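Q: these chains are from a complex, not moved at all, and more is on the way:
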Amino acid sequence: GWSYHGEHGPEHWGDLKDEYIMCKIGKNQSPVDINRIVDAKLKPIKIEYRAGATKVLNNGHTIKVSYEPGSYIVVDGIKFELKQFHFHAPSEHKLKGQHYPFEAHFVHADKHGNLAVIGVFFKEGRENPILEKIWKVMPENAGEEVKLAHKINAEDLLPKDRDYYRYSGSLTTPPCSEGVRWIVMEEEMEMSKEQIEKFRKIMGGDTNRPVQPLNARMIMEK
């Protein structure tokens, strides 16, 4: 029963169940307004994707694309396998107080279940050809899933310039578990106004959790 709106909305998540306690007491929650940044000597993130997107699901909260095993990123010398990617509108993260109209999340898990999420901002621009393939088949109602005709390579949704912001955060939907590595790409991608409109219409409203305080954290920039 958690939602983006009303009485079961984000400000009340932590009161819905005991398992959602982090949504209430957590001090390292996501998303954030990226507005306390320091230059840091970070390593490039190794992105080892192959074409693997198989299905597209509407879960009522987002449009989620499942990925078959074998694609991974490397962070802190550890392999995190790509499980799925999904979308939010407007952007969950903000950048110096401003939203983008759309944000993609690429969700990865190491062998022990530790999570790393790559966030990619999308601005209004030219029609995105990869998103067109998914949008063409996007399920309208919650609980519906469709198989993709051809396997999409998620790497095509990532910018070529791979500078990034990094911080220690959380999942952005309940249970809002902490210990999550956030990698937010500096360079924005593009999609059409129409593509953005379609996603919003299907979702039926905004799909972003409000930004959460940074508290003791800094954001590191590569």
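A: Arrived safely. Numbers count the residues shown, from 1 in each chain, chains lettered A, B, ... in the order given.
Q: what distance separates the start and the end of stretch A:38-55?
A: From its first residue to its last, stretch A:38-55 covers 38 Å (C-alpha to C-alpha, to the nearest Å).
Q: Now for the residue nearest to the spatial centre of chain A: which residues touch it?
A: By C-alpha atoms, centre = their mean, chain A has its centre lying nearest to residue A:105, at 2.2 Å. By C-beta atoms under 8 Å, 6 or more residues apart in numbering, the contact set of residue A:105 is A:85, A:86, A:87, A:88, A:92, A:117, A:118, A:119, A:120, A:172. In short, each C-beta sits where N, CA and C put it, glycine included.
Q: If we use 6 Å, what do you get?
A: A:86, A:117, A:119 (C-beta atoms under 6 Å, 6 or more residues apart in numbering).
Q: possible to save these as JSON lines with secondary structure, neighbour count and distance to residue A:64?
A: Output for the contacts of residue A:105, formatted as JSON lines (DSSP: H, G, I helix; E, B strand; the rest coil; neighbours: other C-beta atoms under 10 Å; distance: C-beta to C-beta, whole Å):
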{"residue": "A:86", "secondary structure": "strand", "neighbour count": "21", "distance to residue A:64": "4"}
{"residue": "A:117", "secondary structure": "strand", "neighbour count": "22", "distance to residue A:64": "13"}
{"residue": "A:119", "secondary structure": "strand", "neighbour count": "23", "distance to residue A:64": "15"}
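Q: Redo these as CSV? Include distance to residue A:176.
A: Formatted as CSV, those follow (distance: C-beta to C-beta, whole Å):
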residue, distance to residue A:176
A:86, 16
A:117, 13
A:119, 16
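Q: quick revisit: and the residue nearest to the centre of chain A, which of the three is it?
A: The three-state assignment at residue A:105 reads strand, by DSSP: H, G, I helix; E, B strand; the rest coil.
Q: Give me the distance between it and residue A:15.
A: 25 Å (C-beta to C-beta, to the nearest Å).
Q: Check the offset of stretch A:40-52 from the chain's centre.
A: 16 Å (C-alpha atoms, centre = their mean, to the nearest Å).
Q: send the alpha carbons of that stretch over as PDB?
A: Output of stretch A:40-52 as PDB, limited to C-alpha atoms (Å, rounded to 0.1, in the frame of the first residue of the first chain):
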ATOM      1  CA  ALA A  40      37.700  13.600  -5.700                       C
ATOM      2  CA  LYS A  41      40.100  11.300  -7.400                       C
ATOM      3  CA  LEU A  42      37.700   8.600  -8.200                       C
ATOM      4  CA  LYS A  43      38.400   5.800 -10.600                       C
ATOM      5  CA  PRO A  44      36.300   5.200 -13.700                       C
ATOM      6  CA  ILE A  45      33.400   2.800 -13.300                       C
ATOM      7  CA  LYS A  46      34.000  -0.300 -15.500                       C
ATOM      8  CA  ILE A  47      30.700  -1.000 -17.300                       C
ATOM      9  CA  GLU A  48      30.600  -4.500 -18.800                       C
ATOM     10  CA  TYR A  49      27.200  -4.700 -20.400                       C
ATOM     11  CA  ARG A  50      26.000  -6.900 -23.200                       C
ATOM     12  CA  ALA A  51      22.500  -6.900 -24.900                       C
ATOM     13  CA  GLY A  52      20.300  -8.400 -22.200                       C
END
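Q: list the buried ones in it?
A: A:45, A:47, A:49, A:52 (16 or more other C-beta atoms under 10 Å).
Q: extra chain here, label it chain B:
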Amino acid sequence: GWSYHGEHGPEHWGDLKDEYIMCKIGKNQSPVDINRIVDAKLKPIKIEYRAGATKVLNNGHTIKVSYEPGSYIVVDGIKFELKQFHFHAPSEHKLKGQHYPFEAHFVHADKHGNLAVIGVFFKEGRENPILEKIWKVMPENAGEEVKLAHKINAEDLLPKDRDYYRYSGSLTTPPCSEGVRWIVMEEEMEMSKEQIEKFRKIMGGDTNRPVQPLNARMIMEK
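A: Same chains as before, plus chain B:
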């Protein structure tokens, strides 16, 4: 009833009460082994201390020196007021897998109760003149407090080289609350073997929480 040893010891803290839940589920706990470090362009920490130490307490877990109001540090543009300093042996933080024999913590709180702690490592060496003043009057039993004859300036216990490690962490004793700014000084201070021995004898054993995983975190170095 939490302790450093036995059945109420650090591995069991999280099971002692509901209020100690972070000690069990927290993914941003302190202390840590400082072993995933990145150079960062951090600003110097402004340290505006005056002579203000008034009393020395043995609370059974540490020797704690209270400070009168008016001394503060600046972090992220915010003023955090020095409340107290206290000690652990051996060090709580490790540095590339190794302990120092002793560590001091300088505990600060901003106007909203957000905490910032400065950690200072001590190595065995020449006798520390400032610590000698406190040690001379150190209460030997839990619950005993003594007033200092003369006010001490905590700044004299900080290194002159002010490079530091920074990360987002927790209090190191229950309730192990998160959202704490840790500033660990890169340069070690010095104290005599005798001084270390005396503190240890009075405490009756080790006073350090075991290091906790870094999880998604990096340590930034100035």
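Q: and the contacts of residue A:105, now that chain B is part of it?
A: Applying C-beta atoms under 6 Å, 6 or more residues apart in numbering or on different chains to residue A:105 gives the contacts A:86, A:117, A:119.
Q: Equivalent analysis for residue A:5, please.
A: By C-beta under 6 Å, 6+ apart, the neighbours of residue A:5 are residue A:205.
Q: Residues of chain A that sit close to chain B?
A: Listed as neighbours of chain B in chain A under the rule C-beta under 6 Å from any C-beta of the partner chain: A:27-28, A:38-41, A:168, A:178-181, A:215-217.
Q: Kindly reformat those residues as TSV containing secondary structure.
A: Output for the residues of chain A next to chain B, formatted as TSV (three-state DSSP):
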residue	secondary structure
A:27	coil
A:28	coil
A:38	strand
A:39	strand
A:40	strand
A:41	coil
A:168	strand
A:178	strand
A:179	strand
A:180	strand
A:181	strand
A:215	coil
A:216	coil
A:217	coil
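Q: top of those by neighbour count?
A: Greatest neighbour count in the residues of chain A next to chain B, by other C-beta atoms under 10 Å in any protein chain shown, goes to residue A:28: 30 neighbours.
Q: Which parts of chain A are helices?
A: A:13-16, A:22-25, A:129-135, A:193-203 (DSSP state H).
Q: if you compare those helices, which one is most tucked away?
A: Highest mean neighbour count of those: helix A:22-25, a mean of 20 (counted as mean count of other C-beta atoms under 10 Å in any protein chain shown).
Q: Just the C-alpha atoms of it, please, in CSV.
A: This file holds the C-alpha atoms of helix A:22-25, laid out as CSV (Å, rounded to 0.1, in the frame of the first residue of the first chain):
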residue,chain,number,x,y,z
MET,A,22,14.6,3.4,7.6
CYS,A,23,12.2,5.6,5.7
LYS,A,24,11.7,7.3,9.1
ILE,A,25,14.9,7.1,11.1
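Q: Which strands and helices lie in contact with that helix?
A: Other elements packing on helix A:22-25 under the criterion 3 or more C-beta pairs under 6 Å, 6 or more residues apart in numbering or on different chains; DSSP states H and E are helix A:13-16.
Q: Pull the residues that contact the helix it packs on.
A: Outside helix A:13-16, the residues that reach it (C-beta under 6 Å, 6+ apart) are A:2, A:20, A:23, A:24, A:174.
Q: What is the neighbour count of the last one?
A: To tie it back to what came earlier, the one meant is residue A:174. Residues near residue A:174, counting by other C-beta under 10 Å: 19.
Q: roughly how far apart are residue A:32 and residue A:213?
A: Residue A:32 is 8 Å from residue A:213, by C-beta to C-beta.
Q: before we move on, what about residue A:6?
A: 23 Å.
Q: Hmm, residue A:177 and residue A:19 touching each other?
A: No. At 9.7 Å, residue A:19 and residue A:177 do not qualify as touching, with contact defined as C-beta atoms under 6 Å.
Q: Of these two, which one has the most company?
A: A direct count of neighbours by other C-beta under 10 Å for residue A:19 and residue A:177 places residue A:177 higher, at 19 against 11.
Q: Skipping its backbone neighbours, what lies nearest that one in space?
A: In space, residue A:177 comes closest to residue A:171 once its chain neighbours are excluded; the distance is 5.1 Å by C-beta to C-beta, 6 or more residues apart in numbering or on different chains.
Q: burial count for the one you found?
A: Neighbours of residue A:171 using other C-beta under 10 Å come to 20.
Q: Test my guess that it contacts residue A:178.
A: No. Counting by C-beta under 6 Å, residue A:171 does not reach residue A:178; the two are 8.3 Å apart.
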